[PDB]
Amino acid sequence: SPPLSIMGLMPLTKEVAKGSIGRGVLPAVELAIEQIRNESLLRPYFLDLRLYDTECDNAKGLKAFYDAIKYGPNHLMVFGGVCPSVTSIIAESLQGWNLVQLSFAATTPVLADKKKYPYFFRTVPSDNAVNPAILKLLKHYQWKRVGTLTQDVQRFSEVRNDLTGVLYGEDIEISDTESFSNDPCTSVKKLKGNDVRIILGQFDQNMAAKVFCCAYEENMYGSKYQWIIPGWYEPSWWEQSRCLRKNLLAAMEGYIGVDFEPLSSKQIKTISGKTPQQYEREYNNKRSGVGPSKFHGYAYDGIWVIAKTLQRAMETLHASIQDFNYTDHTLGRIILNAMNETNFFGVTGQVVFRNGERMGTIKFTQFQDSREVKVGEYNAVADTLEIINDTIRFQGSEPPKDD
């Protein structure tokens, strides 16, 4: 039984804040590995996943990668890369060791640059993947005029910059573009003055409560307004200076949240023979005391992407692995070509790449009285929107008008 070694790069330490992503996905990884070994899918071989803790640090993460190449076995590909600056360092250098990388948690749009990161792939949609989804939502509700509210932090300005390109050549006008660093109130007053009705917001959880505070003060809420903001905030994030809690909840009422869909809602069997609901029960039993991670499905589908890629690669070699060392450019190209062929239904839906980027599912939520409730989903492959009937609601007789 020869090994097909894979370099697992992720923060695993309890000390490191992002170690929760690494540990939270490991039960899902274990489940996929166990099944692939049982079914003898990789027969004669077996998937050998070696884990190296990157600690979410540029220097430590580089040394972890360097140490894995020096002392570790001959890895065929990289699995992981969570933290944006460490992942970019590794992802940029990949070709030097002819190593294809598959991440399940790095969402930074920067990585979509295939001139800089040609050997990098990811099962998780990037932070920009929300923009083709929002376009569909605007088209659906006939919102042709929008305003934007962005925090001057790279994570958010990347998203706002991508929005320009998505709305170009569509019947949608960005009538007002407003930025803020520490306080949104000045920008929120300008949006009110320019008579903006549909606001596309890109800011962190801390800034969101300030945004909705200014919104209440400037009456930028109710039947006339639609706030479309991030959907990845902590639940009860608003509970955690001048506005009251009841006044924040009043301004928040009806906001639409946008984020990737953690797992498929379709009760259809996946590549493993389990529906997403069955896998989720299997994951929750296996995780035990370890806290759950929203990237667990992306990590699970990730292992299947690697196993299926290795299968295709093995067939390509037979059409004409042990000797591969980072020197074999040709095998790296074979693995790279095999990964680009990925097309199967996984626990996060259909797993397909478009230039290393995941074509996935985007979840739409709406804040209703006390929490965010699912109101729809966008399918990136088909470019379609499905709005759940009798969930989404507007304070007025009709959805708001854009002017």
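Here the rigid core means the biggest group of C-alpha atoms that line up within 1.5 Å when the two forms are laid on top of each other. One-based numbering along the sequence shown.
Rigid core fits of the other structures in 8 other deposited structures of this protein place the C-alpha atoms of one stretch farther away on average; of 162-170 and 103-111, that stretch is 162-170. Core-fitted comparison in 8 other deposited structures of this protein shows that, between 366-374 and 66-74, the CA atoms farther from the shown form belong to 366-374. Across the other PDB entries of this protein whose models span the neighbouring residues, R242 goes unmodelled in a third or more. Where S223 is followed by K224 in the displayed chain, the model omits none of the deposited residues that would sit between the two.
Counting the unmodelled positions of the deposited sequence between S320 and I321 gives a gap of 4 to 9 residues. Of the two stretches examined, 224-232 and 165-173, the record assigns the greater average C-alpha temperature factor to 165-173. For the pair 23-31 and 37-45, the mean B factor over Cα atoms is greater in 37-45. Ranking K114, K136, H329, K294 by the C-alpha B-factor listed in the PDB entry places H329 at the top.
Sorting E282, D204, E218, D259 by the CA temperature factor given in the entry leaves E218 at the top. Placement of the Cα temperature factor of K308 within the chain: middle third of the modelled residues, per the deposited record.
In this PDB entry, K63 carries a Cα temperature factor that places it within the lowest third of its chain's modelled residues. When all modelled residues of the chain are sorted by CA temperature factor, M314 is found within the highest third.
When all modelled residues of the chain are sorted by CA temperature factor, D57 is found within the middle third. Split the chain's modelled residues into thirds by C-alpha temperature factor. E239 is in the highest one.
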